Each structure stands twice: as C-alpha cells, then as structure tokens.
Amino acid sequence: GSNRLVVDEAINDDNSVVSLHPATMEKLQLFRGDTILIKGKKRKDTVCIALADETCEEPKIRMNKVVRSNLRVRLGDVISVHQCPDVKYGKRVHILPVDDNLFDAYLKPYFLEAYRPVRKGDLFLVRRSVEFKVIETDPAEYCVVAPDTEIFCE
C-alpha cells in the first residue's frame, strides 16, 4: 500500500525497535523482527527492528524518543519505511561517548546477544545513562552486532 506512516509514541523504549500495526506490516511485506530503513527529515535515516503491534494504528508507527531525534521528527510527523535486506552483521563499530572496562560496563551489556542495528551517525542511550554516537561502521552505512563484532571505542 503506502509506505508513509504518522509518527506515534512507543510503549517499548528499546532504541532499536519500532512497532507497526500487523496489517501495515503485511501490506509492506514485513515480517516480525525484520530490519527496515526508515527515512526521516533533513535526509536523516536509521535502521530499526520492526515488531507487530495490535495497539498501533494502521496509518502510524510507534517509535521511541531516541529514534525520533535520530530522524528529527515530532510526534505527528510522517516517515517512510523501506525493506532493508542488504544488511549483514558487523566488524568494526566505533562509538564516541557524546556526553563528554567502565566503557563496557555500559556498552557490552547493551550489545550482549542483543544483535542491534547500527547506522553511521546514530545517537543512542544506555541505562544513570549515557549517550553514544556511532561515528564509524564496518559497511560504512549500516551493520548489525554479532557476538564477534568489534566495539573498538571507549
């Protein structure tokens, strides 16, 4: 059908997850847990994991604040989504602590077996809680974090 969706508040705060009514999912030929590149404003864009959600309105998409900012979109704006099958797991992900191993007393937990999707330039949070700017990825665009991925930053 249409690939444009009206932004809405998320109940789940996982910075890697957006939610879509299950009709919307199937109209876009998405499966639970797939990876979609959602296009935002100022030509920003991110990769997320798509969960189905009966509480989400069809012409909408539930996404948390960390995503919103990464897409620079307010509650009530209009994103577009895309199938992103070309993604593979990662090798070198560089993560600069924005606010300025104890580095990995926050970061290793957040990525442990989580298999989270990363895009060059994202900002994200880990619960005290810290923000992190992925300033380097191995495919230079987007990559997932397998248990053999290198988080070679403080």
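Every residue, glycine among them, receives a Cβ derived from its backbone with ideal geometry; neighbour counts consider all protein chains shown. Throughout, read-outs are computed from the coordinates displayed, never taken from laboratory work.
In table form, for the structure just shown:
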{"item": "Anisotropy class of the range 4-83 from Cα gyration tensor, a/c 1.5 cut", "result": "rounded"}
{"item": "Nearest-0.05 FRET efficiency for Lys65 and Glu136, computed from C-beta distance (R0 35 Å)", "result": "0.90"}
{"item": "Counting DSSP beta bridges with both ends in the chain, the antiparallel % (nearest 5)", "result": "70"}
{"item": "Modelled FRET efficiency - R0 35 Å, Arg128 with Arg74, Cβ distances, 0.05 increments", "result": "0.80"}
{"item": "Distant alpha-carbon pairs in the chain (separation over 26 angstrom), percent", "result": "23"}
{"item": "Sites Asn101 and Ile11, calculated FRET efficiency, Cβ-Cβ separation with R0 35 Å, nearest 0.05", "result": "0.60"}
{"item": "Dipole of the chain [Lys/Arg +1, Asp/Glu -1 at C-beta], most positive-end residue of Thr149, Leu71, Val18", "result": "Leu71"}
